[PDB]
Each structure stands twice: as C-alpha cells, then as structure tokens.
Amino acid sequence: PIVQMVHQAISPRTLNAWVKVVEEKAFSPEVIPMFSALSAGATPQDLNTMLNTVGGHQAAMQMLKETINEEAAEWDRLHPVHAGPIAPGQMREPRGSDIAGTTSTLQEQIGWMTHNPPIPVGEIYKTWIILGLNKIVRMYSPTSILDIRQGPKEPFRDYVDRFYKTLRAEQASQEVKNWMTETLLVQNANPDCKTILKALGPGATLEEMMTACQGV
C-alpha cells in the first residue's frame, strides 16, 4: 500500500485477515466494507494480491474478472490514450488494464498515485472491484425482501433483524429501499404487531416501532 508518502508491502496480517474473512463469511454483505478497510491505500498490485490469494469461490472470482474487464473497457472509451513519446517529467496515460494492474508495473502505479495532480489508480480499481463484489453478494443472497414475514410467536426484534439483513443484500437504490421499509416492514408483520404498528402511523421511528411491539 501507500500511506502518508511511502510504499510498502501488504502485511502478513492484512493478507491473512482477508483470506480468513472470505473462508469464514463467503459473500455476506459485511465482507465488502472489510475488503475496503483491508485494502486502504492499496495499489492495483496489492488489490490483485488480495483477490488472487482467494482459493475456491472461482465462479465468483471469474464474475469479478468479467466485471473488472467491463469497467476497464468503459474507461478506455471515455479516456482514449493519445499517441506520442512521453516527455521528461511526465507519466503515460493509464488504460483500463493499467488501472487493473495487469499491464502496468508497480513503479508506474506508484508514479500515477504520487503524481501532482494524482491519478488514483488504486481507488479507481477498488470502485470496479466493489461493483463486482456487490453483484456477487446479490447473486449469492438466498432470500428476497418480499418473503420476509414475521412469525406468529416471533419477537419483533428478530423479525426486524431478518428484514434489514435481507434488505442489505438487495441491489436496489436508496429510494427503492425507503419504499421497502415504509411499505413492507409493517405490511409483513404478524397480526397483533401489524395492528399496533398501523396505530402508530407512518411517522414512527424504528425505535418507537420496536418499543411498541416489545410486549407482543
């Protein structure tokens, strides 16, 4: 990675942390923030290290590769490289495969990241990776938000935990998520809780909803 500047290897602990996270949690949604934290200041070389150290899950890892290549091709369309000899005190313009670290060297990556103005190839590549990880989380989610229904003796808190877990795995925008919360949460609550939540009105906070259905 790079930190406030200087380059260094990914630490053994960071490497092991990532490998173990994937071994333990597969593609539960919280893996993505963990990936992002473990890859802080990463060069594309470091990001490829992290992805290539995953054994198994090779369908997911292939899907990620295809997503990356799609984003790289889009970058190339928007940023076509201009022909000419690179001047003294200048860097060549990166293509998509340079950002993804397959056709660039570490020095070139360092060159772009530490240039003035900077070309943050590590952060660009990370956005592409996270887009691909989000697709995998979606695909690997066992359940739909439409099927989350409170059981007749289920504590409301447990139902809400299942609701918001499933909502998190959905790849719908924030406005759609708001509609899901406003509509389904109360609609798919059990008869007694549902009646109590409708009495609160559509202005209630989750805290107030949870407090209301505690006794039920």
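Numbering starts at 1 and runs along the sequence shown.
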So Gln4 and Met5 are neighbours in the shown sequence, but is anything from the deposited sequence left out between them? Give the count as none, 1 to 3, 4 to 9, or 10 or more. 4 to 9
Going by the mean C-alpha B-factor recorded in the entry, which is higher: 155-163 or 178-186? 178-186
Between 143-151 and 56-64, which has the larger average Cα B-factor in the PDB entry? 143-151
Between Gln45, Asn69, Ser36, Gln171, let me know which has the highest C-alpha B-factor in the entry? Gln171
Split the chain's modelled residues into thirds by Cα B-factor; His82 lands in the highest
Third of the chain's Cα B-factor distribution that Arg95 belongs to, per the entry: middle
Split the chain's modelled residues into thirds by Cα B-factor; is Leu197 in the lowest, middle or highest one? middle
Taking the values exactly as deposited, rank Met113 by C-alpha B-factor within its chain and report the matching third: lowest, middle or highest. highest
Entry-reported C-alpha B-factor of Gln107 relative to its chain, by third, is highest
